[PDB]
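Shown here is one chain on its own, the form deposited without ligand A1IGS, set out as structure tokens.
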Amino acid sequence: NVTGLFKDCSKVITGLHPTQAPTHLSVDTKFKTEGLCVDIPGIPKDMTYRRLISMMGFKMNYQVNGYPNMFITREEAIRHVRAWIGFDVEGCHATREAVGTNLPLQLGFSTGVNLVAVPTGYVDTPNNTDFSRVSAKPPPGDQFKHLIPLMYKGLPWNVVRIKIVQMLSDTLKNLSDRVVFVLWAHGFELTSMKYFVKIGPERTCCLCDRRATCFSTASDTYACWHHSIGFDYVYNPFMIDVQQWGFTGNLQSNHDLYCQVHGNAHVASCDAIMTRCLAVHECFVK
């Protein structure tokens, strides 16, 4: 019984030394005996590895006192319709030194904004995890052709996350005290959130009584949407996966049952606009 969360995507045929492996599963078979591991004299640690670790498969089903639930009910989402932001991500695939995981490339929102990131992954090394640019390519096929020029238009993640916070703040400061990301098949959107969301207990802003919606790694401070200039992380966002409301078939077919004004332009922002639009038609129209 294993999970894909934190799968090692490197092409190294062998596992790690007992002192470097993050887990018993990741120790190489040569060290395993009698239900545990042994140190073998003369078998050295590896001092030059770079192993890409997959961020696919997060499970946000904890129940910890004072930490809010990220995923919310349809009833709670409806009360917070003004906080709804559709979100979709188009990925690229790890290649060359690694294979088997998806990296965020184009992040799209119902505001119409698309942001393009440099393909970046979490690479384990002998000393730490290096959050760094990794080799990547768009998936093969004519439906992924538009992503080809985006491979050389990416911004580093430290810049992308500041832009996400600024866009959400500008959109929501006069509409809500929170954000509700409206998703369709959320797994990859949740993997992408690892790059720009932090969580913790409910906090109040540094300059007022409003709840904190942003965090700054520069000063370890919290801010609401009005006081977040320069902040790099979204803090305690909420979210809902519309696909879980019983729909059959793809996003476009369900969106088109209610709406004809949003033609599919095959881009992350369009999927994000269609997801929010479908959720609005389902909950508020007729």
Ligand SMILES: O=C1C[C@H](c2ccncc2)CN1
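Throughout, rigid core stands for the largest set of C-alpha atoms superposing within 1.5 Å between the two forms. When you see a residue number, it is the position in the sequence shown, counting from 1.
Asks: After a core fit, does 33 to 41 or 220 to 228 show the bigger CA gap to the shown form in 7 other deposited structures of this protein?
Replies: After superposing on the rigid core, the more displaced stretch in 7 other deposited structures of this protein is 33 to 41.
Asks: So, looking at the entry's B-factor column for Cα atoms, which has the higher mean, 203 to 211 or 101 to 109?
Replies: Averaging CA B-factors over each stretch, the winner is 203 to 211.
Asks: Test of understanding: from the entry's C-alpha B-factors, which stretch has the higher mean, 259 to 267 or 13 to 21?
Replies: Comparing 259 to 267 with 13 to 21, the higher mean C-alpha B-factor belongs to 259 to 267.
Asks: So if I compare the CA B-factors in the entry for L150, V197, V179, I162, which one is the largest?
Replies: Of the options given, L150 has the highest CA B-factor in the PDB entry.
Asks: If you check the C-alpha B-factor for each of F238, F231, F247, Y235 in the entry, which is highest?
Replies: Of the candidates given, the C-alpha B-factor peaks at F247.
Asks: Would you mind checking where the Cα B-factor of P68 ranks among the modelled residues of its chain, as the lowest, middle or highest third?
Replies: According to the entry, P68 has a C-alpha B-factor in the chain's middle third.
Asks: With respect to C-alpha B-factor, does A185 fall in the lowest, middle or highest third of the chain as deposited?
Replies: Top third by C-alpha B-factor.
Asks: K59's Cα B-factor: lowest, middle or highest third of the chain?
Replies: Lowest third.
Asks: Would the CA B-factor of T191 place it in the lowest, middle or highest third of its chain?
Replies: Lowest third, going by the recorded CA B-factors of the chain.
Asks: Relative to the other modelled residues in the chain, which third contains the C-alpha temperature factor of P156: lowest, middle or highest?
Replies: Middle third, going by the recorded CA B-factors of the chain.
Missing here is the form solved in complex with ligand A1IGS; even so, the following discussion is about that form.
Asks: In the bound PDB entry, do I85, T111 and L175 all reach within 4.5 Å of ligand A1IGS through at least one heavy atom apiece?
Replies: Spot residues vs ligand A1IGS: full contact, yes.
Asks: May I ask you to state whether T171 is within 4.5 Å of ligand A1IGS in the bound PDB entry, using heavy atom distances?
Replies: Answer yes; at least one heavy atom of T171 falls within 4.5 Å of ligand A1IGS in the bound PDB entry.
Asks: Which one of these stretches, 210 to 218, 99 to 107, 77 to 85, 151 to 159, sits within 4.5 Å of ligand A1IGS in the bound PDB entry when only heavy atoms are counted?
Replies: Going through the listed ranges, the match is 77 to 85.
Asks: For 259 to 286: residues with a non-hydrogen atom within 4.5 angstroms of ligand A1IGS in the bound PDB entry?
Replies: Only a single residue, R276, comes within 4.5 Å of the partner.
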